[PDB]
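In what follows, a structure is listed as structure tokens, so that the remarks can point back to it.
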Amino acid sequence: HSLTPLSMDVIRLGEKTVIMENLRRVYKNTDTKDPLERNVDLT
Amino acid sequence: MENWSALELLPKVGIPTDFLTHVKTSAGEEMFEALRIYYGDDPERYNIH
Amino acid sequence: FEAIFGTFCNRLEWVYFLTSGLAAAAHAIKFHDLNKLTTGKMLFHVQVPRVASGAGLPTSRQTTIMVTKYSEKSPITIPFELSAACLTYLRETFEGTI
Amino acid sequence: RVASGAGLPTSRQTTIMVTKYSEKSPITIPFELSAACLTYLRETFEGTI
Amino acid sequence: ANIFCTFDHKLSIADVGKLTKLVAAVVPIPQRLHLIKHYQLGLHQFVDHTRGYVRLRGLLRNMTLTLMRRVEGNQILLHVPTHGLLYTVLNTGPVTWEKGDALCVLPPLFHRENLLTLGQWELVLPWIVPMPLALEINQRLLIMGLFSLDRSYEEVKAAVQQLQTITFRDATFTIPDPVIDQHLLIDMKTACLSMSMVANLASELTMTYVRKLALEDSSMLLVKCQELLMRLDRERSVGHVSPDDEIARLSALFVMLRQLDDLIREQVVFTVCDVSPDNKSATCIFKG
Amino acid sequence: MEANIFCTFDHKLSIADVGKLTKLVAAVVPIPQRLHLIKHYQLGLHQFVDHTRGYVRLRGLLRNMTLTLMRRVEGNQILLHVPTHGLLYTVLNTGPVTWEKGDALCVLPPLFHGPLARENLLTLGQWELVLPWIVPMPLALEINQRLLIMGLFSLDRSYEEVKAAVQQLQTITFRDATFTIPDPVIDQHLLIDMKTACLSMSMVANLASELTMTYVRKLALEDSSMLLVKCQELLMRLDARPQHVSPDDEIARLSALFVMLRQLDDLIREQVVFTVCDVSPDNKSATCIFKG
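Chains as they are written, first to last, in the authors' numbering: chain A, 350 to 392; chain B, 1 to 49; chain C, 50 to 147; chain D, 99 to 147; chain E, 6 to 116, 121 to 248, 258 to 306; chain F, 4 to 242, 254 to 306.
See the structure below:
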């Protein structure tokens, strides 16, 4: 069991530090739609 | 008519490729003068003549 | 004469699950033979905290409860294809020429 | 491409090839020299000042 | 050539034990994939309360037929057979197979020991039946459909009760009535009206086309066809048209007989030549 | 069997010939004779193409030919492969027809497609690679049906009566494409097909039960719907307790009527040669099961 240092953006909000992530790079030029952009219906 | 098989066999220069839109979108909406799109593995590059 | 000034290819970005920020939400375990299991579950033994109250008010004796979680399975797949010519030239290396 | 779940279609590997062609656009500008300058540029007469 | 099936539902000892009894039976799946979900397994996905048997018979025609060959875990492995090779298949239909039968697939009509249910879904497998029994079941269903508008009479009730009952080697069972709540399902209704419409259009058009073709070559066959038509008209006697409408009648005749190609034809799927004594299973040569 | 066929070319192939012949790998090409070695003239449909004789003649020649899949071309040799029943192959559609998954495919002579260019291939001298069309079953039996109805309708009519009706019959619309049937002559073969149609229809009219005859009238008394409106309208300009109730008579008549209906159906239905289950999303090739 070992750890690897890597750099990512962090927001500090209410005594919690949270990682901020943006999965654009996974779905770019791929055939699969990014699931974080969706359709929301209203009647 | 372009010689795509030579393009496949010859050595290439590796570049960061930047299209504003999806590759399939700029190919499908005719941004490029010449295109060749194939699916799977196309044996055409192997028969040197 | 006509001139070909260059031939180019794209160096795509590799992305890895463990090095993504989304991976922080996960605890990742590799199990050698998942294919054997039919169902799999985790056992949670949770302690519920209580407040001692006035002798006339009723209450309960819950010290712990045990709750079972069942793993939800979702396999993924992807193909890749090789031509017969590719396999011939990879496998049957003619001594031949350049 | 991205690995797909059970019961869904899978994405074939696809090669896209394009060619880009150069464009020509020559430029031109004239300048005129009169016969008088052409003859005085080359002929001399006793070399007077 | 193995297809992987995965269950989106919690399996249990009795489900896997129930499923392992079927480790050679024929399971149809809607289309060829490498990894499918259990919802696509079997004929359940197509079942509804408005279309019924004829619709299933049409749909079952262009499914891909597969044999179950393992349960590794939460997943089921299916093997798609290839033409000409010899395979072991389980009999789970209403009848027994002898050596050299031609076997057909029908949508099932009877259904307990087989039924694996999970979450309103249940594995429903077609009948593997010898060709004569498939043909006779089919014709009996169609005739029961044509009797559907005069159930008001006691003799027709008796006739339908006789049609419902079929006996085949050391077996006997009742084919269910295609009429439910006095009404015939939508696809059996359109099958019956296609049969009747093609019959009427033939009886109306045949005389004119016999005349037209006999003007070319008056062969003896056309003589006998014209005589048969005249006799038919004498029987009917007990009691011009535009070009567009002629083309409409011809086209309607042909499009109506296209509606019948599922009913009139009958594919052989397995040829059986080796049988266990139990009659539970046989080895067959695959036709596809 | 002769699992492989060598096709030798007498014309020396240029660079362009070898290139375009390489792109055609996995195309379905027919041979008349099924021999181990053939010459390039026998390859394709060009040996038979003849527009003064009709479409039905070329259809008859084609349905009897032996079909092969093209493989790697080398110096003056093309190497055709015969598919075998029940195995899985990759096939190429040079035709303009669309293939959806699960289609059953038939072979037919090419039709006229709008642009009129049609991509002539390999014009070696005055030979040419005329490939057939690999068409899905619905369009196949639609063209066969329209061709039969043209033959059956237009007999004993003059050209003035014929003209608009056969102009409407020649055009077929299929999956947002538009095709036209080239030369629908009244052949001897077509007259044989028409005669079989007449005999089968006579036997349908004669041997049909009274139930099979009178179902529609009773349903029209009982029911009303758009489908029934159309069915009645087809019978209009020519337009009770059973006195016999006989399940055995019904079974006898129906088992005979299905035979006659299969006879009438074979005039329209072609032989399935391929069944598709994988389509390239550019619709230029498919994975297919070979059938015969």
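All residues carry an ideal CB built from backbone N, CA and C; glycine is no exception.
The bridge partners DSSP lists for residue 139 of chain F are F:108. Residue nearest to residue 77 of chain E within the set E:135, E:16, E:157, E:211 is E:16 (criterion: CA-CA distance).
One Cα belongs to residue 32 of chain F, the other to residue 42 of chain B, and the distance between them is close to 20 Å.
At a cut-off of 8 Å between beta-carbon atoms, residue 34 of chain E makes no contact with chain D. Excluding the 5 residues flanking it on each side, residue 372 of chain A has same chain C-beta neighbours closer than 8 Å at 383, 385, in chain order.
Taking 8 Å as the cut-off, the beta carbon of residue 138 of chain F is found closer than this to the beta carbon of residue 111 of chain F.
Across the set C:101, C:119, C:105, the C-alpha of C:101 shows the shortest separation from the C-alpha of residue 111 of chain C.
For residue 274 of chain F, the uninterrupted alpha helix (DSSP H) run begins and ends at 261 to 280, by DSSP. Sequence-distant partners of residue 93 of chain C (beyond 5 residues in either direction) whose C-beta falls short of 8 Å from its own C-beta, in its chain, are 115, 116, 117, 118. When secondary structure is reduced to three states using DSSP, residue 49 of chain E falls in the helix class.
Here residue 135 of chain D is exposed, its C-beta having fewer than 16 other C-beta atoms within 10 Å. Under DSSP, residue 116 of chain D takes part in a beta bridge, and its partners are B:35. Beta-bridge partners assigned by DSSP to residue 92 of chain C: C:117. The Cβ of residue 105 of chain F sits closer than 8 Å to at least one Cβ of chain E.
At least one C-beta of chain E is nearer than 8 Å to the C-beta of residue 88 of chain F.
Scanning F:274, F:30, F:293 for the CA closest to the CA of residue 82 of chain F turns up F:30. Interface criterion not met: the Cβ of residue 38 of chain B is under 8 Å from no Cβ in chain C.
Within the DSSP bridge table, the entry for residue 365 of chain A names A:362 as partners. Within chain B, the residues whose beta carbon sits less than 9 Å from that of residue 378 of chain A are 17, 19, 22, 23, 24, listed in sequence order. Annotation for residue 21 of chain E: the continuous alpha helix (DSSP H) segment containing it runs 18 to 25. Pairwise C-beta distances place the stretch 160 to 168 of chain E out of contact with the stretch 79 to 94 of chain E, as fewer than three of them are shorter than 8 Å. Residue 12 of chain B and residue 52 of chain C have their C-alpha atoms some 16 Å from each other. Per DSSP, the beta bridge partners of residue 92 of chain E are E:302. Between residue 48 of chain F and residue 9 of chain F, the gap from beta carbon to beta carbon reaches 8 Å or more. Our two residues, residue 43 of chain F and residue 23 of chain F, have alpha carbons roughly 15 Å apart in a direct line. With a beta-carbon spacing of about 14 Å, residue 256 of chain F and residue 172 of chain E fall beyond the 8 Å limit used to define contacts. Under DSSP, residue 75 of chain E forms a beta bridge with E:82. Residue 6 of chain B does not reach chain D, its nearest Cβ partner there being about 11 Å away, counting only Cβ pairs nearer than 8 Å. Counting C-beta pairs closer than 8 Å gives three or more between the stretch 140 to 156 of chain F and the stretch 266 to 284 of chain F, which meets the contact rule. The beta-carbon of residue 35 of chain B is placed less than 8 Å from the nearest beta-carbon of chain D. Closer than 8 Å to the CB of residue 116 of chain D there is not a single CB belonging to chain A.
A distance of 8 Å or more separates the beta carbons of residue 208 of chain E and residue 223 of chain F. Between the alpha carbons of residue 144 of chain D and residue 129 of chain D lies a gap of roughly 31 Å. Shown here for residue 124 of chain F: same chain residues with a beta carbon closer than 6 Å to its own, the five before and five after excluded, namely 132 in chain order.
Annotation: the continuous alpha helix (DSSP H) that includes residue 137 of chain D extends over 133 to 138.
Between the stretch 181 to 197 of chain E and the stretch 47 to 63 of chain E, the count of Cβ pairs shorter than 8 Å is three or higher; the stretches touch.
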